[PDB]
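Okay, here we've got a single chain as structure tokens, the form deposited in one PDB entry, with questions on binding and movement later.
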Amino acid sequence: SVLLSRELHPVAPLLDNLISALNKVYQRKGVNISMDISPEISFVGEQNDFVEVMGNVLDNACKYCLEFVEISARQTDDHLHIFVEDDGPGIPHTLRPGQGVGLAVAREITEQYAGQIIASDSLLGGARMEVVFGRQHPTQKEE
């Protein structure tokens, strides 16, 4: 029958822009953001959604971090994993929240993509947020 490839969007370039904007927003605080994502990593789906989810998670990380934020990523045939770590307060054993309070938007959108957001401890000392997006198969049937 009819099989179509789906639109893939390279991740690094998308995060690059978000990072530049946040760097300016939190420059007085002096936030240092680094990203190590291979050019191969991509996202399948509405580009605006990925940008909206990551914009929220990165902004949150800048607020809770002390001065460092690190971004990384990994993919699996059907999932895209984005990791955002900070050196802020730990997580629910100061301490802060895996802050689902202001990650309501990120959680909503990720839910759409059959994914989820998980909080764990980072080596930097703060939270390590994993944003998982599902429905990442590169092809699908329909016109």
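The first residue of the shown sequence is 1; numbering continues from there.
Count class of coordinate-free deposited residues lying between the neighbours residue 93 and residue 94: Unmodelled stretch: 10 or more residues.
On average, are the C-alpha B-factors higher in 56-64 or in 74-82? Going by the record's values, the stretch with the higher mean is 74-82.
Higher-B stretch (mean Cα B-factor, as the entry records it), 101-109 or 26-34: So the stretch with the higher mean C-alpha B-factor is 101-109.
Looking at the C-alpha B-factor of residue 121, is it in the lowest, middle or highest third of its chain? Middle third, going by the recorded CA B-factors of the chain.
Position of residue 89 among the chain's modelled residues by C-alpha B-factor, lowest, middle or highest third: Its C-alpha B-factor belongs to the highest third of this chain's values.
One more form of this protein, solved in complex with a small molecule, exists but is not displayed; see below.
Based on heavy atom distances of 4.5 Å or less, which listed stretch (108-116, 81-89, 26-34, 39-47) is in contact with the small molecule in the bound PDB entry? Of the stretches listed, the one contacting the partner is 81-89.
With the partner left out here, if you bring back the small molecule in the bound PDB entry, are 51, 73 and 133 all within 4.5 Å of it by some heavy atom? No, none of the three is in contact.
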